[PDB]
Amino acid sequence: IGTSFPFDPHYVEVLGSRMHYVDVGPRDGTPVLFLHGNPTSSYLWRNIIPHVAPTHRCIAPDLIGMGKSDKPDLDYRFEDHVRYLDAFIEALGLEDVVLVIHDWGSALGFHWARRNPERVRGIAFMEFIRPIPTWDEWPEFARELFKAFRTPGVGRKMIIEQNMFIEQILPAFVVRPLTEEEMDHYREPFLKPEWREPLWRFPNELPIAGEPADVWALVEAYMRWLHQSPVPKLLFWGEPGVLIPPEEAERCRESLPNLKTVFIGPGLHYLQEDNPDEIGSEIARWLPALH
């Protein structure tokens, strides 16, 4: 599993801020847009993109305040990310896309797809966000930490002062041990505590027990859309998984239209770090049939 990030930096101005992105692959055809979540960046896709680039353009932005993108003075709520990703996609002139999405990247991607359904040719996803009605249904592994992240005062000390989303959640949610080199790539955007606002706001935006109400309603809306959409869907899942354990992959197989699923072996949440080759090779095999 490679640790380098051998991608030439690209930048585009978006609502006054520079956003960094990977851009590789042929200059025509439908582009494949890769959307990371918390607390990662385009680095999470580094070993997946090379499987897809031979046949399709690959675009992987760093969300605002993350990766090599700029750090505007935002709250970094989901609605801020929606604005910056919408403007990123328009600034690149993208028309139709295939989405490859994870974590908060999946909330962004599914919300964009519901609003722009004519422009989405397929969605590959993994360990994605859906509304969780009670804490008892939130995944048990690290559950008390997520409760504390959403507790006033306590959560900021954990995430902002102690950097626990990077130093604890991220390695705990990969089955294989992340190396120090990989950890240093993930640490780089957050070396100062004043850069860590997005990492704290994200878990405070998760749709749990109806709160926050605005994210809850938007996630319920894209899940209704997903259950009715004919779009081709590709779900990657691992075991024991975090948000999508085997029994949840089964419920997806039994409910979602036009779905193919791929088991990746051992995995928790950041499945890309456990088996990037199965993820990238199966995306590559599935793309031709999107016509």
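From 1 onward, residues are counted along the sequence shown.
Relative to its counterpart among 83 to 91 and 178 to 186, 178 to 186 has the higher mean temperature factor, C-alpha atoms as listed in the PDB entry. Based on the entry's C-alpha B-factors, the most elevated value among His111, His102, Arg143, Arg121 belongs to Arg143. The PDB entry assigns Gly16 a C-alpha temperature factor belonging to the highest third of its chain's modelled residues. Placement of the Cα temperature factor of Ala107 within the chain: lowest third of the modelled residues, per the deposited record. For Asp28, the recorded CA temperature factor ranks within the highest third of the chain's modelled residues. Among the modelled residues of its chain, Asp62 has a C-alpha B-factor that falls in the lowest third according to the deposited record. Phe128: CA B factor lies in the lowest third for its chain, per the PDB record.
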